[PDB]
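Take a look at this one chain, the form deposited without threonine (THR), written out in structure tokens.
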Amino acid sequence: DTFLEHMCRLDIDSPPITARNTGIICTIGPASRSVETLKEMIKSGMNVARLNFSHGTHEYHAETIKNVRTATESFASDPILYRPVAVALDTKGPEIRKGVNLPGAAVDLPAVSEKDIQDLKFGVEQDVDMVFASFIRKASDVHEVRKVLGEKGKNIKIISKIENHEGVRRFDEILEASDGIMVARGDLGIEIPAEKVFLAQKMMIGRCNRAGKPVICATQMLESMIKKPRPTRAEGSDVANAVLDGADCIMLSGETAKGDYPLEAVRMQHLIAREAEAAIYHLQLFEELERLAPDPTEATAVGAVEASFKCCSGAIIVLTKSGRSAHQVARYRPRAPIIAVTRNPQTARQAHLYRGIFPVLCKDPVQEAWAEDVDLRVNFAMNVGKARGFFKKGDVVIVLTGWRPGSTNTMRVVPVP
């Protein structure tokens, strides 16, 4: 019941028993564009595929997206094991040119270049799940991106990338305007002194956890795996540290984009993230997040997480349409996996942005009686959890639903049949 005990009980000779709760985002490039490679990367644990729009034509990116969706849908014949895979568009953004950085300067470059405008509407056409907005420095930058996406792209998640000092200084207003945050350590390291970057990372991650908004750590993760089949201990420690800081997702770059071991990189990411999970002290996170929260859905979400610790439940099953209800549960960081059951394929993909959310896509048609339709979706989650090893028959799980059709404030404690 102390964080000190938790560290003292760490045993490197025992395999990690809990699942890997942090999302994996892989940059797709020449080394990982093929359908066959993408299939194995999905099998190895890739949750999100990022397309870097600093280079490449729209025709080139359209094919990459096509390949990602081909590899993803090849597993669709088994809905119990089917893993949703999101598509992320990463803008080139404003540049100064050999690129130039102006440390501490309030750069007045427009939030969205002419190329970014083209790429953003291309992202709307391609039905991407989220956008990584480069070089975000203020709230008006985020809303300018939102404006370009327009009405047709209103459901596309906007992740603001913090790449300089102004972004760190004005972090609160940026966070309040964004759907999530990406911490670009590499770029941050050239804008502020290196001995202050780790402080910035912990601050931003902390405020994202407090706000219940997804935070992504990017750059300088496993870069040595571009040439090597194994990473250094320092890289394994840095990655783990980002997980323990409270990051929702971790992003790979050249390791999966152009490297010689893209598949080994994804697997090494999965291993490190799963190993770091044993050092995570869940009970303290939840109790602190509770005391820092400012509604029947909020109250039910807290109750579900609270009960998940009391019952030692194998999972928290959440029936959701937009994903919002599952997100509210994720904010409180339960140790138990959050099985988000949805019929919306987009919300299933976007759910990977939140730590601990294991999204499943229900393809069964809507049943006439509401009580029937709820039981159907729950039993679907029951089957997935059994197949994934989350829980077994006889265990207890928490289920969050709505009370009436299109009403979620209902919690029930049910045994696994």
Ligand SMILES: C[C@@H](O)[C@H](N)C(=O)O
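Quick note: we count residues from 1 along the sequence shown, nothing fancier.
Missing here is the form solved in complex with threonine (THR); even so, the following discussion is about that form.
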**Fill in**
Here the chain appears without its partner; judged in the bound PDB entry, the stretch of 29 to 37, 350 to 358, 379 to 387, 65 to 73 with heavy atoms within 4.5 Å of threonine (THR) is 350 to 358
**Request:** Could you confirm whether residue 83 comes within 4.5 Å of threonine (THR) in the bound PDB entry, counting heavy atoms only?
**Result:** yes
**Prompt:** Out of 11 to 25, which residues reach within 4.5 Å of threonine (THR) in the bound PDB entry, heavy atoms considered?
**Reply:** 20, 21, 22, 23
